[PDB]
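Chemist: Counting with the deposited numbering, you get residues 1 to 330 for the letters of the sequence shown.
Following this message is one structure expressed as structure tokens.
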Amino acid sequence: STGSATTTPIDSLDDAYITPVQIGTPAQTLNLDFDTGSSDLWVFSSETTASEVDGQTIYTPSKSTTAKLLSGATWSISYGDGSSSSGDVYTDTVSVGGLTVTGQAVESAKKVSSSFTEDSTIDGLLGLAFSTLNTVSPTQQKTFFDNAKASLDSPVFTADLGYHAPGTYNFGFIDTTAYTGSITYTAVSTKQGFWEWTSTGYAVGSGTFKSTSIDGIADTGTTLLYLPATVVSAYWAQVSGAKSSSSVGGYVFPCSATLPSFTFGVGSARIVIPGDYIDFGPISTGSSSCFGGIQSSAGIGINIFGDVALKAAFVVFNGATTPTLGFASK
Ligand code: NA
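Here it is, written out as structure tokens:
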């Protein structure tokens, strides 16, 4: 089997992407944030504290003929941005882009933090990291990908995120029409539960490529590119008037600037992030200070190849016995 679903930016900045997901019988369609940096499929629900719901579509298990309580199971998750959610668990039928899994753990939120409530466009998360990170207790649950894997034509999924435009998540096949050139595959460590890999270096604009190992994670649920402070300083040094602002919480730059590209290495191959992808717009409405899309990972404890980086590539998440990542230009 295969599946193919369109993913759509939630706003004009590409802050996140939402993908429609069918849950239950008859189908309830919720727009979920597919997150290769976490491993829980959780939704706003009929159980979510009413004051914490503001415009989201909810899953109502009592209206699904295939829902069953996973008795005694609870979940609770905290993300890198400080957000959190928790609740109980149902199993139900879940379909993505025509690919169906029966018996998927659907984590129903009883509580969500303010950042979730405030984002009316995201109805929950669908985790695509390794199932070792799933938070369900006392019986850890599998991701949608892990439950689908054995049925798929190939044990893979791909992320093809758009810049200010829709893109695609495919399951079970490579769309050879969706990228240019060849796919370069690179090793993955699953030791922290992430799609963790080592980039071979970077370049800023038309500058020379610096060969250096940068360990980090491929994380579709993170907006920005978080890299070591040395790398990030070298990038922003090429933008007149850019500075790190402790008050704003990262590098800012004059909205009048034209940003340089940023290249990262994948083995001997190179992915180029256009400068425009690194502009996250005014820090507050009407400001002439703009927020940068490349930020320091110092204090986060891991480098993160978030959407800024991934949307410059066609990315293969290869879930074979030995997982690997692939990157192609597009
Ligand atoms: Na921000």
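Just so it is clear, CB atoms sit at the ideal spot from N, CA and C, and this is done for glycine as well.
1) According to DSSP, is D160 part of a helix, a strand, or is it coil?
2) Applying the 10 Å Cβ sphere with the 16-neighbour rule, what's the burial state of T19?
3) For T135, collect the residues of the same chain with a Cβ closer than 7 Å to its Cβ; drop the 5 residues on either side in sequence, then sort them by chain order.
4) In the DSSP assignment, find the unbroken alpha helix (DSSP H) run with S1 in it and report its ends.
5) Looking only at C-alpha atoms, which of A269, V188 and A237 sits nearest to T321?
6) Quick one, which of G249, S288, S268 and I294 has its alpha-carbon nearest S256's?
7) Report the residue ranges of all beta strand (DSSP E) runs contained in full by the stretch 194-273; include only those spanning at least 3 residues, in chain order.
8) Since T93 is in the beta strand (DSSP E), which residue starts that stretch and which ends it?
9) Quickly, what does DSSP pair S39 with across the bridge? List them, please.
10) Could you tell me which uninterrupted beta strand (DSSP E) segments, each at least 3 residues in length, are contained entirely in the stretch 105-161, listed from first to last along the chain?
11) Are the CB atoms of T36 and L152 nearer to each other than 7 Å?
12) Rounding to the nearest angstrom, what Cα-Cα distance links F314 and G162 in this structure?
13) Are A148 and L225 closer than 7 Å when you measure CB to CB?
14) Which parts of the stretch 273-304 are runs of the beta strand (DSSP E), unbroken and 3 residues or longer, counting only runs that do not cross its ends?
15) Is the CB-CB distance between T200 and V316 below 7 Å?
16) Within 10 angstroms of the Cβ of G319, are there 16 or more other Cβ atoms? Answer buried if so, exposed if not.
17) Hey, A16 and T223 are a contact pair by Cβ (cut 8 Å); roughly how many whole angstroms apart?
18) Quick check: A234 and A298, are their CB atoms within less than 7 Å of each other?
19) How is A50 classed by DSSP in three states: helix, strand or coil?
20) So, do the stretch 172-179 and the stretch 46-60 have three or more beta carbon pairs nearer to each other than 8 Å?
21) Can you grab the Cα-Cα spacing for the pair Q104 / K68, in whole Å?
22) When DSSP builds the beta bridges, which residues end up paired with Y79?
23) Go ahead and label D92 buried or exposed: buried means 16 or more other beta carbons lie within 10 angstroms of its beta carbon, across all protein chains shown.
24) How about the stretch 268-279 and the stretch 210-221: do they share at least three Cβ pairs that are nearer than 8 Å?
25) Do you know how far the Cα of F305 is from the Cα of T220?
26) Where do the N-terminal and C-terminal ends of the alpha helix (DSSP H) with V308 fall, by residue?
27) Decide if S120 is buried, meaning its Cβ has at least 16 other Cβ atoms within 10 Å, or exposed.
Modeler: Walking through what the data contain:
1) strand
2) buried
3) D40, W75, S76 and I77
4) Counting along the chain, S1 falls outside any alpha helix (DSSP H), and DSSP gives it neither H nor E.
5) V188
6) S288
7) 196-204, 210-218, 225-227, 243-245, 250-254, 262-266 and 269-273
8) It spans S84 to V96 - the beta strand (DSSP E) in which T93 sits, taken as one unbroken run.
9) Paired residue(s): none; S39 is not in a bridge.
10) 124-127 and 156-160
11) no
12) Taking the straight line joining both Cα atoms gives about 10 Å.
13) no
14) 279-282, 289-292 and 294-296
15) no
16) buried
17) With a Cβ gap of about 7 Å, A16 and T223 count as contacting.
18) no
19) helix
20) no
21) 10 Å
22) BP columns for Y79 are empty, so no partner.
23) With 16 or more Cβ atoms within 10 Å of its Cβ, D92 is classed as buried.
24) Touching, no, given that fewer than three Cβ pairs across the two stretches are closer than 8 Å.
25) 8 Å
26) Note, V308: alpha helix (DSSP H), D307 to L310.
27) When all chains shown are included, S120 counts as exposed.
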